[PDB]
Amino acid sequence: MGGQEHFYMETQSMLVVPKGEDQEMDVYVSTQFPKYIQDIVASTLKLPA
Amino acid sequence: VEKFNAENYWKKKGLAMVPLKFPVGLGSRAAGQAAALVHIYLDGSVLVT
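Residues numbered from 1 in each chain as written, not as in the entry; some residues may be left out. Chains lettered and ligands numbered in written order. Part of a larger assembly, values for the part shown. Heavy atoms only, no water.

By the method listed in its record, X-ray crystallography, this PDB entry was determined to a resolution of 2.70 Å.

What follows is the structure in structure tokens.
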């Protein structure tokens, strides 16, 4: 049995924006898991959540 | 200061002391209500507003 592509009509899309203060990051993503985006972004930036 | 004012005509020193009772209070109880929202994320960090 073969696989399957999701083929969501909206492709992977995101806009990440630094606030300019205390390394704050606002991350606007087409995702199913905002908490996971928060974890992996903060971990990559060595920042608290 | 009074010794200075006795020895000088075109220049005068002055001294004064005032007391303070600044009462603190709004007109009603509803005017003094306040609210907040605190989050604790799974890494231990806290966001407060």
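Draft legend 1. A look at the interface of chain B and chain A. With 4 residues of chain B in contact, the opposing surface of chain A contributes 4 residues. Of the roughly 290 Å² buried at the junction of chain B and chain A (both faces included), carbon and sulfur atoms supply 63%. Area buried by chain B at its contact with chain A is led by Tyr 41, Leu 42 and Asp 43 of chain B, which between them contribute 80% of it. Between chain B and chain A we count 2 residue pairs in polar contact in total. Class assignment for the residues of the side of chain B that touches chain A results in 2 nonpolar, 1 polar and 1 charged. (Contact = heavy atoms within 4.5 Å. Buried area = accessible area lost by both parts, 1.4 Å probe. Polar contact = N/O pair within 3.5 Å; in protein donor to acceptor, adjacent residues only side chain to side chain. Nonpolar A, V, L, I, M, F, W, Y, C, P; charged D, E, K, R; others polar.)

Draft legend 2. Up close: a nonpolar patch on the surface. Taken together, the side chains of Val 16, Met 25, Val 27 and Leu 45 of chain A make up a nonpolar region of the molecular surface, amounting to roughly 270 Å² of accessible area. Structurally, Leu 45 of chain A can be placed in the segment after α1 (34-44). (Patch = residues over 30% accessible without salt bridge, like charges linked within 9 Å, V, L, I, M, F, W, Y side chains within 5 Å. Areas by Shrake-Rupley, 256 points an atom, 1.4 Å probe, with all protein chains shown as cover. Salt bridge = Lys/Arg side-chain N within 4 Å of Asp/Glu carboxyl O. Helix = DSSP H or I, 4+ residues; strand = E, 2+ residues; numbered from the N terminus.)

Draft legend 3. Geometry of the packing of aromatic side chains. Under the definition given, this model contains 2 aromatic pairs over all chains. Taking the centre distance of 6.1 Å and the plane angle of 45° together, the rings of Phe 33 of chain A and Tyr 36 of chain A count as tilted. We classify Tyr 36 of chain A as partly exposed; its relative accessible area is 43%. Aromatic side chains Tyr 9 of chain B and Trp 10 of chain B sit 4.8 Å apart centroid to centroid with 80° between the ring planes, which places their arrangement in the edge-to-face category. In this structure, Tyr 9 of chain B and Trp 10 of chain B share a single accessibility class: exposed. Just above the ring of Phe 4 of chain B sits the side chain of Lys 13 of chain B; from NZ or CZ to the centre is 4.1 Å. (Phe/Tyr/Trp six-rings, centres within 6.5 Å; stacked < 30°, edge-to-face > 60°. Buried < 20%, exposed > 50% of the residue type's maximum accessible area, 1.4 Å probe, protein only. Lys NZ or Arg CZ within 6 Å of the ring centre and 35° of its normal.)

Draft legend 4. Unusual backbone geometry, seen in detail. Residue and element names in this part refer to chain A. Positive phi outside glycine occurs at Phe 7, with the angle close to 50°. With respect to the helices and strands, the residue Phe 7 is situated in the segment before β1 (14-18). The class for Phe 7 is exposed, based on a relative accessible area of 61%. A positive phi angle is found at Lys 46, which is not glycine, with a value near 55°. You can see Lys 46 is positioned in the segment after α1. Among the residues examined, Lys 46 registers a relative accessible area of 77% and is labelled exposed.

Draft legend 5. Summary view of the environment of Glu 10 of chain A. All names here are of chain A. Tracing the backbone shows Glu 10 in the segment before β1. Exposure remark for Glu 10: the relative accessible area of 47% places this residue in the partly exposed category. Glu 10 sits 20 residues away from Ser 30 along the chain, and the two C-alpha atoms are 8.5 Å apart. A distance of 2.6 Å separates a polar atom in the side chain of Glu 10 from a polar atom in the side chain of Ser 30.

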